[PDB]
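Remarks on the structure that follows.
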Amino acid sequence: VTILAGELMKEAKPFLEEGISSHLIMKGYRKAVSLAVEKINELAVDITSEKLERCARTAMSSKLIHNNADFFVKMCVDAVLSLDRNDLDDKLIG
Amino acid sequence: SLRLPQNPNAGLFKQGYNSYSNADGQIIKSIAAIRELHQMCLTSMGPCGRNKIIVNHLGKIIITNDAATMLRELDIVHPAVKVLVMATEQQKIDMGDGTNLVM
Amino acid sequence: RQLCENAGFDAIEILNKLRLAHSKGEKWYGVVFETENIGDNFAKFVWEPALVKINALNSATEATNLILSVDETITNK
Amino acid sequence: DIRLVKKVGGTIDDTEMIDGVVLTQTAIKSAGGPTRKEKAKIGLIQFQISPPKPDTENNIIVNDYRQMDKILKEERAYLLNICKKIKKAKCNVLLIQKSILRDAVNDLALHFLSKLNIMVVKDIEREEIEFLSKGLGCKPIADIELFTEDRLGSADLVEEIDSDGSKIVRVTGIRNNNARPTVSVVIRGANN
Amino acid sequence: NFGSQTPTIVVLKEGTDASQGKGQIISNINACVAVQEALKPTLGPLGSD
Amino acid sequence: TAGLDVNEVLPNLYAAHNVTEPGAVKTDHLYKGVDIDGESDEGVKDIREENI
Amino acid sequence: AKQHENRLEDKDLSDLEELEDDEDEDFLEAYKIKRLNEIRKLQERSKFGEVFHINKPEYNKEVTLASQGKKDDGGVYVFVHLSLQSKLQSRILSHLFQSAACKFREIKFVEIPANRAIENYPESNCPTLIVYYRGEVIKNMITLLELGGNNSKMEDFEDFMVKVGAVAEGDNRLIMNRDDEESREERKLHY
Amino acid sequence: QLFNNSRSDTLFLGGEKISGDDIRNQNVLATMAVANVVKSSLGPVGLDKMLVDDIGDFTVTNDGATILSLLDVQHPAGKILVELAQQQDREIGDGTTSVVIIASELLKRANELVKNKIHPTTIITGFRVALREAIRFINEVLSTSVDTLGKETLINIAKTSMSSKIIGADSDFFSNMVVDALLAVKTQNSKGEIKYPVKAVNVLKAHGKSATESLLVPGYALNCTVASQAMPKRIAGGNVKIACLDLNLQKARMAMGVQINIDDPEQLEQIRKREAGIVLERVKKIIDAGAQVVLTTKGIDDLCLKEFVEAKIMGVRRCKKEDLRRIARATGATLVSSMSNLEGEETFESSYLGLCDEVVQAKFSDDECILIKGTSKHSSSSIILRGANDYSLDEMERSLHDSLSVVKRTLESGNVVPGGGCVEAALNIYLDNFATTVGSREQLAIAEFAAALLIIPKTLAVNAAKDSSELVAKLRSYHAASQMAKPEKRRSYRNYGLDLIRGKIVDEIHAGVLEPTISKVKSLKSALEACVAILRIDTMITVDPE
Ligand SMILES: Nc1ncnc2c1ncn2[C@@H]1O[C@H](COP(=O)(O)OP(=O)(O)O)[C@@H](O)[C@H]1O
Ligand SMILES: Nc1ncnc2c1ncn2[C@@H]1O[C@H](COP(=O)(O)OP(=O)(O)O)[C@@H](O)[C@H]1O
Ligand SMILES: [Mg+2]
């Protein structure tokens, strides 16, 4: 989220040096982000088959336990399965 | 010749007190003092108006397009500009609409 | 862009391969670090939810539009 | 033998090997008689062109008003007969050393050389005498009696161009054809 | 009239930062690009800390 | 603030009010106003349909 | 305050006569008698005026006794020059001595070869300039790179004489203060 | 940018050490920091600036030549742009404001290419192939100098140099002035090569009526005062002789180190007389020659002034060396450093004297100027500028001095091209098709090089306080069709630019604005050579002073 917002502001730098007003640049992103949200809904899948394991391996990237994902993901998936639906208490994972 | 008498009978009042009459173009300066912060309001009226950063001495920041709100934090020296601050403050309290216009 | 620069690969050969290969790479076309090549991510079993993507663009669009509607800076004391 | 002359101005693409010996210093332009020379005989002067005096300090007295007429006439006569010997030897280009101790030239000596269409220069380094003599093929000169035509070189074109502010003296060709010639190339550039 | 100086009334307080011109919003972008440079190489699994 | 030249947009809007109320009833020149985004000239397509 | 002092301080005996018609006689002639007495003292002190080409036995007298002068502490500055004809700076400094000798007659200008001065002196350190005063060495100067080196001029040498206390700052003989007549002529016209 | 780096960690340097992309970013901000003052001064819509010396003195200046020279910058990367502004003033004399903006944007736009792991050696190679391709395209698109039956060119060339100045509105009056001035002071050299010496005309700082009523002098005007007030001020009649002397005419002492010594006191007065007589013998023969006007570099003593007042001769002291060469060159005289000849005798010949028709001394607002007009052998010219004060005339002096250099180049090289960012927009369409042909990594270098060239027409619209993208998009549309013109004139959609006073795209040939092509050539190479100097630096080593 941060390396992306900086690029939009860095890309808005030369347009501000030109005679483009401020509201014109904001109207472009606010109209384009509405299509990006709808496009991501089409990129995303409605997956229900095959019944957690793969999603945890990618979230552990860019830090220590990514290489030890073979051992930590096996027990990390069991952490949330103990929690039932609609409660999702974070203090229980203290 | 080397030095003036530096305004005699000035000990009637304190040294810190100063008078500002209509002459010497001072009413034009008060209009110019309004013109300093009035131009800040030009770019804040309308739907294409631009908000304003106001960093207080405590560090609490409020980003805004509304006059009555922005003028609360700024400490003002000119009394004629403070008339606009309290005039917009009256606009916000009673009706809560049309404060840039007051300014 | 930066995901491949940290890997030590040249960005021009990567970015030219992504654009011209979206027709057969309909949606699951992305970078692969293991084989030092570009291929389909569905076979590599790399997944990620969509909620990170929606909140990233909404937060990034809200962040850039906040100060883009600002042309002033006042600092008392 | 390969001198790299640095001149601020122009671009690097204009750099090219000059056929003759390029001089870094500019002309004096106190009189400004000649503009462009062709088929000039170059000579290297090591002594100083001045009114007659030894290297040490002297005292000249005047006991009569008629002596001043002889002094003012004979001082320029010592400059005149030097120009006559220069004209007899048909030496068209002269190179005078720095000579901080004794005055190199003056307005009187420049005036006689202005009529004969002879250029002059100053501020020559003592170490560059080997390069000018071996390059141009001109032996130096340190005495007026031993000045002759056999010790002088030759060249086809000796001129001083002003190429967009950068002033440079250039010599083209050497007819002596000595054993080991020399190389001279000017380096031009946008920045120093 | 009460003093020979007659000080000119400044609008804002002493020490307040500058105002409108050329480069105000560009400084905010460059300030964000500066903070963005520190978090730049930390992206992906082959990044740094 | 709309990124338009005020020297051309302002007097173009005065033409709607310099053609003052003729003998016909139900005159609709009162809803003419400025426009931030869009058509050239600027008198807005009424503030009507716009619902402002 | 300085406007009253500039009438007398900034005018010599030749320039003080300008104020004969304007200023009072008793105010002007009282100072002219003072400045006239100062001019007479410089004439009596003018014991020199050409370079004294000396030799060593004599050094023990010319250089040092002179430096004592009357010994009324009538001190006398004595500029020594350890000359070396092979060096280029030495011949330049010899010309400055004779030029300054014709102007400053009260200061003694001494010259001697450097090979004859000190046993086995370093030739690289020549030319050497020593300044004696009341028997004490005021300045043991090294080669003239400090004074421009090969490009040394008469103006630089006269400035050095003011630093060692040999010549006053506001002396009319110094080239820094001795403005040309054409310079003062333009000032009066544009005034 | 963020924080200061470690100071010599296990390196042992007395100064500072920095490396990586941080200093490369500092060079970009350094070139942009010095370029921001040059941005607002570009084009006719640009405004002037004033630099205060903290002593009350100030000077108004528009061109970035002397502005950056006065701004004492300590960062060495900015000094190259400072010297680039001074370099371009020497050779071309115009466009100092453009090379700083072009060189800064080439480094700014190339900064994105650095973090793409494109080496600078590959970037400059892509810039250089774009350069020589651009020079050949400039050599193709140039036009001839005839264009019609009449000249109709030199009046339009002056408007481009005169734009963006205080007297740009009066350029219609001054356009005839500059063309009439440089056509009068031409010369001959190198067996048929015509030259035009810049600064040979005299620019006088006069005060009075206005810049519109500035009278062009048909001849040279000497800026000096008369010696004595009892002399004749106006000298009429034809064939006025001009004498140009440089020898020392005031009474001087004997030789530089001699001493006058005499035993017989009888001849002590006689030697005093002949020293006073020997200087008057020179003045005696000038009166025998009959020189009405005499000019001297050195002073003139009162012993000589009495003879000029009696014989009605105009003696002027305090002339300068560079002026008298132009007086002798214009009036037909020769420079006389001393009076002598090959023979032993001493005399003066009448051939040394010049000729002119009229000489009149004029005074205007405490500025005495000797107006010499009607030179018979060769013509001359001078421009008497008039304005508010001296500091306003310094901008006019630089405005005229830059105008002579631009009109110099269009006569030395007849090839010209239109202004308004035409060639800057045309090279982008030419290089985009060439960028795809080369294939490999140099495509981005050639492409971003073309994108940096568009900053010249963009800055004209930004400073105009108008919408810039519409003008750039319309200028892009016409130039886009120029490459696809489909030759069979009907080759239209070329030689167009921006018109800022009206905000439309019209033909620059009919509008009357042009610029020589040689200014575009040297500006591009000097801008790229400066870009090569900054890109190749990796690490700085700043040593503190001892
Ligand atoms: N989309 C729009 N089109 C035309 N006019 C508008 C639009 N939005 C706002 N305006 C006008 O701009 C004016 C701004 O009023 P303002 O003083 O900012 O209201 P507030 O008191 O809420 O700040 C309004 O009176 C309105 O007529
Ligand atoms: N009347 C004009 N219309 C359009 N463009 C112009 C006009 N006058 C000048 N320009 C543009 O301005 C640029 C630089 O102008 P120049 O005269 O060099 O300014 P300065 O005198 O400040 O250096 C030129 O490239 C030219 O295209
Ligand atoms: Mg110009």
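So you can find residues: chains in the structure tokens are A, B, ... in the order shown, residues in each start at 1, and ligands are numbered from 1 in order.
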
Counting only C-alpha atoms, chain C residues within 12 Å of chain B, as a PyMOL selection string:
chain C and resi 65-77

With N, CA, C and O atoms retained, write the just-selected residues as a short mmCIF file (atom, residue, chain, number, x, y, z; two decimals), in the first residue's frame.
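Ended up saving to again_30.cif:
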data_model
loop_
_atom_site.label_atom_id
_atom_site.label_comp_id
_atom_site.auth_asym_id
_atom_site.auth_seq_id
_atom_site.Cartn_x
_atom_site.Cartn_y
_atom_site.Cartn_z
N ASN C 65 -5.16 11.19 -2.98
CA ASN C 65 -6.17 12.23 -3.19
C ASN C 65 -6.31 13.16 -1.99
O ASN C 65 -6.89 14.24 -2.13
N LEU C 66 -5.81 12.77 -0.81
CA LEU C 66 -5.95 13.62 0.36
C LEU C 66 -5.09 14.88 0.24
O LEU C 66 -5.60 16.00 0.37
N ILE C 67 -3.79 14.71 -0.02
CA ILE C 67 -2.86 15.83 -0.12
C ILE C 67 -2.82 16.42 -1.53
O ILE C 67 -2.32 17.54 -1.71
N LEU C 68 -3.33 15.71 -2.54
CA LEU C 68 -3.51 16.31 -3.85
C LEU C 68 -4.56 17.41 -3.84
O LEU C 68 -4.49 18.31 -4.69
N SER C 69 -5.50 17.38 -2.90
CA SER C 69 -6.42 18.48 -2.64
C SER C 69 -5.87 19.47 -1.63
O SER C 69 -6.66 20.13 -0.94
N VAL C 70 -4.55 19.59 -1.50
CA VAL C 70 -3.89 20.50 -0.57
C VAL C 70 -2.79 21.23 -1.33
O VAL C 70 -1.99 20.60 -2.02
N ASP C 71 -2.78 22.56 -1.21
CA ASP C 71 -1.72 23.41 -1.73
C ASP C 71 -1.23 24.41 -0.69
O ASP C 71 -0.81 25.51 -1.07
N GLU C 72 -1.28 24.06 0.59
CA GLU C 72 -0.91 24.95 1.69
C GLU C 72 -0.19 24.16 2.76
O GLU C 72 -0.28 22.93 2.83
N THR C 73 0.54 24.88 3.61
CA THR C 73 1.22 24.30 4.77
C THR C 73 1.40 25.39 5.81
O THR C 73 2.16 26.34 5.58
N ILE C 74 0.71 25.25 6.94
CA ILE C 74 0.74 26.21 8.04
C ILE C 74 1.28 25.48 9.25
O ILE C 74 0.79 24.40 9.60
N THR C 75 2.30 26.06 9.89
CA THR C 75 2.98 25.48 11.05
C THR C 75 3.18 26.57 12.09
O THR C 75 4.10 27.38 11.97
N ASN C 76 2.32 26.59 13.10
CA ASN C 76 2.43 27.54 14.19
C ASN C 76 3.54 27.13 15.14
O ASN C 76 3.76 25.94 15.39
N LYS C 77 4.24 28.13 15.67
CA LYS C 77 5.36 27.92 16.59
C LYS C 77 6.47 27.10 15.94
O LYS C 77 7.64 27.49 15.97
#

Which of segment 41-112 of chain G end up as strand (DSSP E) when DSSP is run on this backbone - answer as a ChimeraX atom specification?
/G:52-53,77-83,108-112

Show me which residues line ligand 1, defined as having an atom within 10 Å of a ligand atom where only C-alpha atoms and all ligand atoms count, and present them as a VMD selection string.
(chain B and resid 44 to 49 65 to 68 91 to 92 95 to 103) or (chain F and resid 33 to 37 44 to 47 50 to 52)

Export C-alpha atoms of the chosen residues as a CSV table (one decimal), in the first residue's frame?
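Result written to part19.csv:
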chain,number,residue,atom,x,y,z
B,44,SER,CA,-11.1,26.7,-0.7
B,45,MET,CA,-14.5,27.5,-2.0
B,46,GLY,CA,-16.4,25.4,-4.1
B,47,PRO,CA,-16.4,21.7,-5.0
B,48,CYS,CA,-12.9,22.0,-6.5
B,49,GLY,CA,-11.6,23.7,-3.3
B,65,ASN,CA,-11.8,23.1,3.4
B,66,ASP,CA,-13.9,25.1,5.8
B,67,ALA,CA,-13.2,28.5,6.9
B,68,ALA,CA,-14.8,28.6,10.3
B,91,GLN,CA,-22.0,31.3,11.1
B,92,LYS,CA,-21.0,27.8,12.1
B,95,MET,CA,-26.7,27.8,10.8
B,96,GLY,CA,-23.7,25.6,10.2
B,97,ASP,CA,-23.6,26.5,6.5
B,98,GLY,CA,-22.1,29.1,4.3
B,99,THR,CA,-18.9,30.1,6.1
B,100,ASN,CA,-16.6,30.6,3.2
B,101,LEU,CA,-19.2,33.0,1.9
B,102,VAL,CA,-18.9,35.0,5.1
B,103,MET,CA,-15.2,35.2,4.5
F,33,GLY,CA,-24.7,29.3,-13.7
F,34,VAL,CA,-21.0,28.4,-13.8
F,35,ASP,CA,-19.8,24.8,-14.5
F,36,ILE,CA,-16.8,23.1,-13.1
F,37,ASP,CA,-16.6,20.3,-15.5
F,44,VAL,CA,-24.3,25.3,-17.0
F,45,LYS,CA,-27.1,23.1,-18.3
F,46,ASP,CA,-29.2,24.7,-15.7
F,47,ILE,CA,-28.6,24.0,-12.2
F,50,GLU,CA,-28.3,18.7,-11.9
F,51,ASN,CA,-30.4,19.0,-8.7
F,52,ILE,CA,-28.1,21.6,-6.9

Computed interatomic separation between atom CA of residue 14 of chain C and atom CA of residue 31 of chain C (Å)
8.4 Å

Nearby residues, ligand 3, 6 Å, only C-alpha atoms and all ligand atoms, as a PyMOL selection string:
chain H and resi 94-95+161

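Within 6 Å of chain E, and using only C-alpha atoms, the residues found on chain A are residues 6, 61 and 62 of chain A.
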
So that I have them on file, write out the residues from the current selection with C-alpha atoms, as a PDB file, in the first residue's frame.
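Written file, again_36.pdb:
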ATOM      1  CA  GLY A   6       4.038   7.017  -3.463  1.00  0.00           C
ATOM      2  CA  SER A  61       7.050 -13.995   2.887  1.00  0.00           C
ATOM      3  CA  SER A  62       9.575 -11.142   3.131  1.00  0.00           C
TER       4      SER A  62
END

As number ranges by chain, please: every protein or nucleic acid residue near ligand 2 (cut-off 9 Å, counting only C-alpha atoms and all ligand atoms).
H: 41-46, 62-65, 93-98, 159-165, 399, 402-403, 418-422, 424, 456-457, 460, 497-501, 508, 511-515, 520

Counting only C-alpha atoms, chain G residues within 9 Å of chain D, as a list in words:
residues 88, 91, 92, 94, 95, 98, 150 and 151 of chain G

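As for atom CA of residue 23 of chain H and atom CA of residue 534 of chain H, they are spaced 10.7 Å apart.
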
Show me which bits of chain E are within 8 Å of chain B, counting only C-alpha atoms, as an MDAnalysis selection string.
chainID E and resid 1:4 6:7 9:13

Same residues, C-alpha atoms, saved as a PDB file, in the first residue's frame:
ATOM      1  CA  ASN E   1       0.817  58.020  17.459  1.00  0.00           C
ATOM      2  CA  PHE E   2       1.736  56.739  20.936  1.00  0.00           C
ATOM      3  CA  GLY E   3       5.189  55.702  19.651  1.00  0.00           C
ATOM      4  CA  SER E   4       7.810  56.867  17.191  1.00  0.00           C
ATOM      5  CA  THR E   6       4.767  52.549  14.545  1.00  0.00           C
ATOM      6  CA  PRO E   7       5.374  48.802  13.999  1.00  0.00           C
ATOM      7  CA  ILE E   9       1.174  44.647  11.928  1.00  0.00           C
ATOM      8  CA  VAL E  10       2.114  41.160  10.735  1.00  0.00           C
ATOM      9  CA  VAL E  11      -0.873  38.959   9.920  1.00  0.00           C
ATOM     10  CA  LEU E  12       0.394  35.651  11.371  1.00  0.00           C
ATOM     11  CA  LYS E  13       2.616  34.927  14.357  1.00  0.00           C
TER      12      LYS E  13
END

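Taking segment 127-191 of chain D and asking which residues DSSP calls alpha helix (DSSP H) on the backbone, you get residues 129, 130, 131, 132, 133, 134, 135 and 136 of chain D.
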
Find the spatial neighbours of segment 36-38 of chain C, counting only C-alpha atoms, within a cut-off of 9 Å - ignore same-chain residues fewer than 3 positions away - and output them as a compact mmCIF listing (two decimals) with C-alpha atoms, in the first residue's frame.
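New file around_38.txt:
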# COMPACT_ATOMS: atom_id res chain seq x y z
CA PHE C 9 16.97 -9.66 -12.73
CA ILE C 14 10.57 -9.03 -17.55
CA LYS C 17 7.39 -10.38 -21.48
CA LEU C 18 4.40 -9.59 -19.24
CA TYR C 29 0.14 -14.84 -15.45
CA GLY C 30 2.89 -13.69 -13.09
CA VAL C 31 6.52 -13.87 -12.03
CA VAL C 32 8.28 -17.05 -10.85
CA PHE C 33 11.51 -16.76 -8.85
CA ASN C 41 1.13 -19.27 -11.20

Rounded to one decimal place, report the atom CA of residue 121 of chain D-atom CA of residue 4 of chain D distance in Å.
20.0 Å

Counting only C-alpha atoms, which residues from chain A have an atom at most 12 Å from any atom of chain B, and could you show them as a ChimeraX atom specification?
/A:21-27
